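One structure is given here, and the rest of the page talks about it.
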Amino acid sequence: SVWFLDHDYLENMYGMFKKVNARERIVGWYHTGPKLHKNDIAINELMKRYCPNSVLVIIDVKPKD
Amino acid sequence: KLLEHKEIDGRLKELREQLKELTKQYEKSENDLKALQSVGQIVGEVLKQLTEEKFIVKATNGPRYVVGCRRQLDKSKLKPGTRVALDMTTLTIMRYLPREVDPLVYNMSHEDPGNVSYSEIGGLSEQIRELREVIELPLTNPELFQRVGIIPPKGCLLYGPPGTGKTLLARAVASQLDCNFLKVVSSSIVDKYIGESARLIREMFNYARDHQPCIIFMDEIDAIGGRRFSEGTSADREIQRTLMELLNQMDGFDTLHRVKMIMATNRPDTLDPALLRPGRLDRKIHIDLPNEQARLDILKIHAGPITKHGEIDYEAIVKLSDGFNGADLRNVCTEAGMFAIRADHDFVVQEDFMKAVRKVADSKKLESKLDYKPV
């Protein structure tokens, strides 16, 4: 339940990145940790607020086979 | 108290409306930034399809690059002869967009108007009879002609006195069949190539095929830049070759939608005997000089958009000048209007029409620039 997402970093970086690409828009969020944490759904609700149909990508930094 | 508080809330509501306008300005700025990213696309025409993956195209400026389609580009709708968008750096097809000014093509398209009045110059004795009968039977039922097995007659020739049936009644036929018509003046059709004239006529025939009611009208077929070129050392009878090509186009290769390519023109000096043979020219309709009683009716139709004193004897005005031209009778009405303009009379007195008729009688006596005779 102790999860923190910086509103300022998300807003300022997204705006500057959107300035670089008009097509670019928030479409979701990415996390590592292949086993999905229970906290993911709570983080997802904040993600849902930022983007109407956002998605979670569980990319694994350490690739397997 | 409470009412004063409500007034303060109203001032806050006015501030909220200003905030909404500021938000609209922010939305406009966001749209402008999004627009800046796009870099445009070269406009080009697909010359041919080299392969499903790559189509050969030429940019409008002139350099040609073989190019490949993008995502769902609907290659079926990318058939050669379609304008396409080409990426500025990638030089690959982006989208299919068809926009052509086509000014010369517009002259060859639906430029010709149709006269709504059934009887602008009257004289409809065979115009709404023989001319209507030959065109209507294929137009109503091509299959009935097919049961007989006779090819539906492609066209009919309205040989007639110039102006009376040539200047007027040319577009009256369009109202008789209730559809817009294509005028084959041939000035647009012959542009920079004598050979292309037949090909451009074929393009017009295809445009005619698009509307089954629309009927091709070869009005002023002889009329061309300068004068029509008959066989000669400097210029030969290219128009006569086009006429033979027209006969081939009319029957067999280009006959569908019960469209009649009527050669209703008294403009050509010479009429081909082979054309006269039943089929290419099954029947010929002859426009006739007015009967004077008919001219009185024509004058009444021309007098319809006229404000007059009401003490007008049209028969006396018609008797005074035997113009024998629908345009001349229309001229009588216009000149009467000029006589009415003199002395600032909105109404036109019978005398003004008679004065115009005397001027028209002088015009009837002296005529120039007429060199067109049917057969």
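Order determines the names: the first chain of the structure tokens is A, the second B, and so forth; residues in each chain are numbered 1 upward, and ligands are numbered 1 upward as they are shown.
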
**Message:** List the spatial neighbours of residue B:297 as a VMD selection string - criterion: any atom at most 8 Å away, only C-alpha atoms, same-chain residues fewer than 3 positions off excluded.
**Reply:** chain B and resid 121 to 122 293 to 294 300 to 301

**Asked** Quick one: which residues from chain A are at most 9 Å off chain B, using only C-alpha atoms, as a ChimeraX atom specification?
**Response** /A:18-23

Keeping only N, CA, C and O atoms, write the selected residues to a file as an mmCIF file, in the first residue's frame.
```
data_model
loop_
_atom_site.group_PDB
_atom_site.id
_atom_site.type_symbol
_atom_site.label_atom_id
_atom_site.label_comp_id
_atom_site.auth_asym_id
_atom_site.auth_seq_id
_atom_site.Cartn_x
_atom_site.Cartn_y
_atom_site.Cartn_z
ATOM 1 N N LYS A 18 5.809 15.045 -25.335
ATOM 2 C CA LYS A 18 4.711 15.283 -26.311
ATOM 3 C C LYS A 18 5.128 16.431 -27.233
ATOM 4 O O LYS A 18 4.758 16.411 -28.417
ATOM 5 N N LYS A 19 5.844 17.415 -26.692
ATOM 6 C CA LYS A 19 6.342 18.520 -27.549
ATOM 7 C C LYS A 19 7.270 17.920 -28.609
ATOM 8 O O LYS A 19 7.161 18.329 -29.781
ATOM 9 N N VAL A 20 8.129 16.972 -28.224
ATOM 10 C CA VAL A 20 8.983 16.295 -29.246
ATOM 11 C C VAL A 20 8.123 15.470 -30.218
ATOM 12 O O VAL A 20 8.423 15.505 -31.419
ATOM 13 N N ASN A 21 7.102 14.749 -29.749
ATOM 14 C CA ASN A 21 6.272 14.016 -30.742
ATOM 15 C C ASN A 21 4.785 14.279 -30.494
ATOM 16 O O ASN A 21 4.286 13.875 -29.430
ATOM 17 N N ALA A 22 4.100 14.870 -31.472
ATOM 18 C CA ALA A 22 2.644 15.104 -31.340
ATOM 19 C C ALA A 22 1.940 13.751 -31.253
ATOM 20 O O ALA A 22 1.007 13.618 -30.442
ATOM 21 N N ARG A 23 2.390 12.788 -32.057
ATOM 22 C CA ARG A 23 1.764 11.442 -32.074
ATOM 23 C C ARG A 23 1.931 10.804 -30.693
ATOM 24 O O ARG A 23 1.003 10.100 -30.251
#
```

**Message:** Would you pick out the contacts of residue A:56 at 10 Å or less, using only C-alpha atoms, so that residues sharing its chain but fewer than 4 positions from it are not included, and give the list as a ChimeraX atom specification?
**Reply:** /A:27-31,40-41,43-44,47

**Asked** Using only C-alpha atoms, which residues sit within 12 Å of residue B:197 once same-chain residues fewer than 3 positions away are excluded, as a list in words?
**Response**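 Non-adjacent residues within range: residues 108, 184, 185, 186, 187, 188, 189, 190, 191, 192, 193, 194, 200, 201, 202, 203, 204, 221, 224, 238, 239, 240, 241, 242, 243, 245 and 246 of chain B.
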
**Item:** Residues within 6 Å of stretch 164-176 of chain B, only C-alpha atoms, excluding chain neighbours under 6 positions, as a list in words
**Value:** residues 114, 115, 116, 325 and 326 of chain B
